[PDB]
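For the protein sequence lines, the chains are A and B, in the order given. The opening position of the first sequence corresponds to residue 380 in UniProt numbering, with each subsequent residue numbered one higher. Numbered by UniProt numbering, the letters in the second sequence go through residues 261 to 354, 366 to 519 in order. Ideal Cβ positions, reconstructed from N, Cα and C, are used throughout, including at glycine. These notes are about the structure you will find just below.
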Amino acid sequence: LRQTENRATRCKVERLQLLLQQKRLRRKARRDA
Amino acid sequence: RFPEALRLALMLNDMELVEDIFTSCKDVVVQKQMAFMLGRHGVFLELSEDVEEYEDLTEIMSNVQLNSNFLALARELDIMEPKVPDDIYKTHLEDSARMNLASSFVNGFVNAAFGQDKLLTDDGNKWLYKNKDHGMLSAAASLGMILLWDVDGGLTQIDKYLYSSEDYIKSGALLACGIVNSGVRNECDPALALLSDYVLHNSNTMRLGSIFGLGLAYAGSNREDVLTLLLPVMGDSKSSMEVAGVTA
């Protein structure tokens with residue numbers, strides 16, 4: 380349980396970092412305009 | 261007089277009336293000003309790519325820039341100096368879980384969204400070593416407060432240094448995400464997605480922490496997605512009455 384749970388946590392972490400970088404890109408793009 | 265018109269519109273509890281007042285949008289300056297008030301009050305506007313200045317008004321209401329503006333003001337008369345619990349105190353004028372967590376709480380209160388960074392890591396390691404009884408996720412949520420509204424810095428720091436074993440530490444990550452997103456509006460669901468993912472985990476206390484983080488990340492948002500995700504799992508016969516109450 381521990382290993383699978385931590386692996387899923389990490390996978391979700393990379394997905395969240397993808398979302399975060401997308402947010403940065405869009406936010407800075409709109410800021411500069 | 262749109263700004264104070266909107267103020268009285270909020271005073272009268274009718275989001276429909278508030279939207280009607282906001283609709284006019286005859287002036288860009290006043291439109292942005294009233295968007296600022298709506299965002300600060302946290303009232304959630306409803307529209308899409310259908311009007312002028314839609315993007316900037318949406319960002320204003322969502323409060324994406326609040327953290328940057330706060331940090332900018334702090335830089336002006338820079339106050340980005342982490343302070344030791346004793347320094348906040350003055351003990352010089354004259366370590367169980369209890370006082371360890373108390374000091375962590377004091378540090379979190381004093382350093383609000385200032386990015387403690389080095390002192391952050393120092394106290395993090397301290398209370399991680401002092402993990403004992405109630406040396407639980409509490410201090411991780413404390414780090415969350417130190418990174419309050421710091422979607423960038425808070426999320427990054429917790430992600431790189433958190434999770435793993437110690438379901439209490441994972442609940443700490445969940446509540447840190449919730450704190451970071453608290454009063455922070457954005458279509459992205461960095462807290463909502465995670466807390467919904469780990470809502471159904473058997474661990475009673477970790478599930479409790481996840482649901483608390485989910486509630487407090489978007490407290491007052493008033494949307495229906497998380498309500499539909501949570502109300503079905505209100506039934507806590509399989510869990511504890513404290514879990515029922517906190518979900519409520």
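Between residue i and residue j, how many whole angstroms is the CB-CB distance? I'm expecting something under 8 Å.
i	j	result
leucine 380 of chain A	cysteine 459 of chain B	Not a contact, Cβ separation roughly 29 Å.
residue 530 of chain B	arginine 494 of chain B	There is no way to answer for residue 530 of chain B, as the model of chain B reaches only from 261 to 519.
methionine 294 of chain B	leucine 266 of chain B	5 Å
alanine 444 of chain B	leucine 433 of chain B	4 Å
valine 470 of chain B	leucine 485 of chain B	7 Å
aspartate 423 of chain B	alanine 384 of chain B	Not really, about 11 Å apart at Cβ, beyond 8 Å.
Does the Cβ of residue i have 16 or more other Cβ atoms within 10 Å, making it buried, or fewer, making it exposed?
i	result
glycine 415 of chain B	buried
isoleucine 429 of chain B	buried
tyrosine 439 of chain B	buried
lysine 441 of chain B	buried
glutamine 382 of chain A	exposed
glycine 406 of chain B	buried
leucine 408 of chain B	buried
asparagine 473 of chain B	exposed
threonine 283 of chain B	exposed
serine 453 of chain B	buried
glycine 386 of chain B	buried
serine 374 of chain B	buried
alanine 488 of chain B	buried
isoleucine 339 of chain B	exposed
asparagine 327 of chain B	buried
What number of angstroms, rounded off, separates the C-alpha of residue i from the C-alpha of residue j?
i	j	result
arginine 335 of chain B	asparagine 329 of chain B	10 Å
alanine 462 of chain B	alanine 490 of chain B	12 Å
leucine 372 of chain B	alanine 412 of chain B	11 Å
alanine 412 of chain A	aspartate 366 of chain B	53 Å
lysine 391 of chain A	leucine 465 of chain B	8 Å
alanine 387 of chain A	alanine 332 of chain B	37 Å
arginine 456 of chain B	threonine 499 of chain B	19 Å
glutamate 513 of chain B	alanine 519 of chain B	10 Å
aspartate 394 of chain B	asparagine 382 of chain B	12 Å
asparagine 402 of chain B	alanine 368 of chain B	7 Å
Worksheet item: Is it a yes or a no for the region 403–412 of chain A touching the region 473–483 of chain B, going by three-plus beta-carbon pairs under 8 Å?
Response: no
Worksheet item: Can you list the beta strand (DSSP E) stretches of 3 or more residues lying completely in the region 298–353 of chain B, in chain order?
Response: none
Item to complete: List in chain order: all unbroken alpha helix (DSSP H) runs of 4+ residues lying wholly within the UniProt repeat "PC 2" (443–479) of chain B.
Response: 463–468
Worksheet item: Is the region 339–348 of chain B touching the region 304–318 of chain B, taking contact as three or more C-beta pairs under 8 Å?
Response: no
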